[PDB]
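So this first bit is one chain, no partners, the form deposited in one PDB entry, shown in structure tokens.
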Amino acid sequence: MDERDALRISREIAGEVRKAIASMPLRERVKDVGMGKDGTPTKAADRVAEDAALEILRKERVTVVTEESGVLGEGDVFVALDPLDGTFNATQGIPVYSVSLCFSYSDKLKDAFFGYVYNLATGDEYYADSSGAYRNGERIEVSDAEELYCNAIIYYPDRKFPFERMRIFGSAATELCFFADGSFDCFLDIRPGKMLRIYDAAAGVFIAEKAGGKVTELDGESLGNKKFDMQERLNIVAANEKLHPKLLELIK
């Protein structure tokens, strides 16, 4: 499988998941219908998205790591799938929620070859491959901000901060893309609990890095070794190269 397949498989998945969600009323979306393999609840929205996405993905030679059903298949290509990131917003009719896919040639993130995050409320398409990083078919790159007085996405602010603004939209895979296109000067998830799972971050990190961004765990270590399994957890620090060391210091 190559980056071209992945882009085609992702489009197909994005379409069906956009249908399935659009067709499901809010009151239905919010029902708890099961336990996820990740150990969080599966809402009726998640299940309906994952089923649509899995229908298409299992037909490929892959192993899938997905929030609700867990680890499936035995292929050499691994796919980190958040069938629905921002499930809370989707249950409330808040227009920031996405399906997110990262394809890797290995169970480690450093062998990623494709990232895909698709906003299910607006149809904004972010993805990345060899050619670079794209939003709705147009190349996206990060910002050049040098000052700490920047626009920040941060989970969670818990002290005074020198930021011009802080924002928290409740869809990590999409907010990583808000950073990748330069909308925001950085993405911080410094929650000491280390909450983010591989299917939350992977696509977003890949897109951000291809868009030029410096992306590392809470203390600057490559994310290359993060595994495509359900056990994996992440803190993320992400900014342009000039600003990144500055943030690393700040959150010490």
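A residue's number is simply how far along the shown sequence it sits, counting from 1.
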Of 198-206 and 214-222, the one with larger mean CA B-factor: 214-222
Given 147-155 and 84-92, the range whose Cα B-factors average higher in the PDB entry: 147-155
Criterion, highest CA B-factor; candidates, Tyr126, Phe178, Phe163, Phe169: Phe163
For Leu120, the third of its chain into which the C-alpha B factor falls: lowest
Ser98 - Cα temperature factor, lowest/middle/highest third of chain: lowest
Third of chain Cα B-factors occupied by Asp51: middle
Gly70 by Cα B-factor - lowest, middle or highest third of the modelled chain: lowest
Third of the chain's Cα B-factor distribution that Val142 belongs to, per the entry: highest
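Keep in mind the form solved in complex with a small molecule is missing from the figure; the text below concerns it.
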Options 208-216, 221-229, 54-62, 195-203; stretch whose heavy atom lies within 4.5 Å of the small molecule in the deposited complex: 195-203
The small molecule contact at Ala172 in the deposited complex, heavy atom, 4.5 Å: yes
Touches the small molecule in the deposited complex: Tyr155 (any heavy atom, 4.5 Å): yes
The small molecule contact in the deposited complex: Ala180, any heavy atom under 4.5 Å: no
Partner contact for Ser104 in the deposited complex: the small molecule, 4.5 angstroms, heavy atom: no
Complete contact of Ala112, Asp129 and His244 with the small molecule in the deposited complex (any heavy atom, 4.5 Å): no
